[PDB]
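Visitor: no letters, just coordinates:
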């Protein structure tokens, strides 16, 4: 089997991407944030505290003839950005782009933090990191990909995120028309439950490539690119007037600037992030100070290849017995 679904930016900055997901019988379609940095599939639901729902589409398990309470199971998750959610668990039929999993754990939110409430466009998350991170207790549950894997033509999914435009998540096959040149594959460590890999270095604009190992995670659920302070300082030093602002919470730059590109290494290959991808617009409406899309990972504890990086590539998440990651230009 295979699946193929379009993923769409939630706003004009590509702050996140939503992908339609069919849950239950008859189908209830929710727009979920596919997140390769976590491993819970959770949804706004009929059980979500009413004051914490503001425009989201909810899953109502009582209206699904295939929903079954997973007795005794609860979940609770906290994300790197400080947001959180928790609730109980149903199993139900879940389909993504024509690919169907029966008996998928659908984690029903009883509580969500304010950032989720305030984002009416995201109806929940669909985790695509390794199932070892799944938060369901007392019986850990498998991700959608884990459950689908054996049925897939090939045990892979791919992320093809658009810049200010829709893109695609494919399951079970590699679309050879979706990228240019060849795919370069690189080793993955699953020791932290992430799609963790080591970049071979970077360049700023037309500058020379610096060979240096940068360990980080491929995370579709993080907006920006978070890298060591040395790397990030080198990038923003090439933008006149750029500075790190503690009050804003990162590097800002004059909105009048032309940003340089940023290149990262995948083995001997090179992925180029155009400068425009690194512009996240005025810090507040009407401001001439703009927020940077490359930020320091210092104090996160891990480097994160988020959407800013991933949307510059066609990315293969290879879930073979020994997982690997592939990157191609496009």
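Guide: Ah, there it is. Residues are numbered from 1 along each chain as shown.
Visitor: domain-wise, how is this protein divided?
Guide: For the chain, the structural domains run 5-174, 175-330, going by curated CATH domains.
Visitor: can you add mean neighbour count and give those domains back as TSV?
Guide: Where C-beta positions appear, they are placed from N, C-alpha and C, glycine not excepted. Below are these laid out as TSV (neighbours: other Cβ atoms under 10 Å):
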stretch	mean neighbour count
domain 5-174	19
domain 175-330	18
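Visitor: which stretches in the stretch 101-250 of the chain count as strands?
Guide: 124-127, 156-160, 167-171, 184-187, 196-204, 210-218, 225-227, 243-245, 250-254 (DSSP state E, counting those that start in this stretch).
Visitor: and the fifth one with strand 210-218, angle?
Guide: If I follow you right, that is strand 196-204. Taking axes from the mean of the first three to the mean of the last three Cα atoms, to 10 degrees, one finds strand 196-204 and strand 210-218 inclined to each other by 130 degrees.
Visitor: show residues contacting strand 196-204.
Guide: Identification of contacts with strand 196-204 by Cβ atoms under 8 Å, 6 or more residues apart in numbering yields 186-190, 209-218, 227, 231, 234-235, 238, 260-268, 270, 305, 325.
Visitor: ditto for stretch 40-53
Guide: Outside stretch 40-53, the residues that touch it by Cβ under 8 Å, 6+ apart are 23, 30, 32, 56-62, 75, 77, 85, 87-88, 94, 104-112, 116-117, 123-127, 134-136, 143-144.
Visitor: show me what the longest helix along the chain is packed against.
Guide: Counting by DSSP state H, the longest helix found in the chain is helix 229-236. Judged by 3 or more Cβ pairs under 8 Å, 6 or more residues apart in numbering; DSSP states H and E, the packing partners of helix 229-236 are strand 196-204, strand 250-254, strand 294-296.
Visitor: dump these into CSV; add distance to residue 284 as well.
Guide: Formatted as CSV, the helices and strands packed on helix 229-236 follow (distance: least, Cβ to Cβ, whole Å):
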stretch, distance to residue 284
strand 196-204, 27
strand 250-254, 11
strand 294-296, 18
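Visitor: out of these, the one nearest residue 176 is which?
Guide: strand 196-204 (22.2 Å; Cβ to Cβ).
Visitor: so what's the gap between that closest one and the chain middle?
Guide: Put simply, strand 196-204 sits 19 Å off its chain's centre (Cα atoms, centre = their mean, to the nearest Å).
Visitor: okay, the angle between it and helix 229-236?
Guide: With the same axes, to 10 degrees defining the directions, strand 196-204 sits at 30 degrees from helix 229-236.
Visitor: thinking residue 167 is in contact with residue 7, fair?
Guide: Yes: if you go by Cβ atoms under 8 Å, residue 167 and residue 7 touch, sitting 5.2 Å apart.
Visitor: overlap in contacts of these two?
Guide: With Cβ under 8 Å, 6+ apart as the test, residue 167 and residue 7 both reach 17, 161.
Visitor: all helices of the stretch 51-200 of the chain, in order?
Guide: Using DSSP state H, counting those that start in this stretch, the helices of the stretch 51-200 of the chain run over 114-117, 144-148.
Visitor: between these, which gets nearest to residue 69?
Guide: Among those, helix 144-148 sits nearest to residue 69 (Cβ to Cβ), with 18.4 Å.
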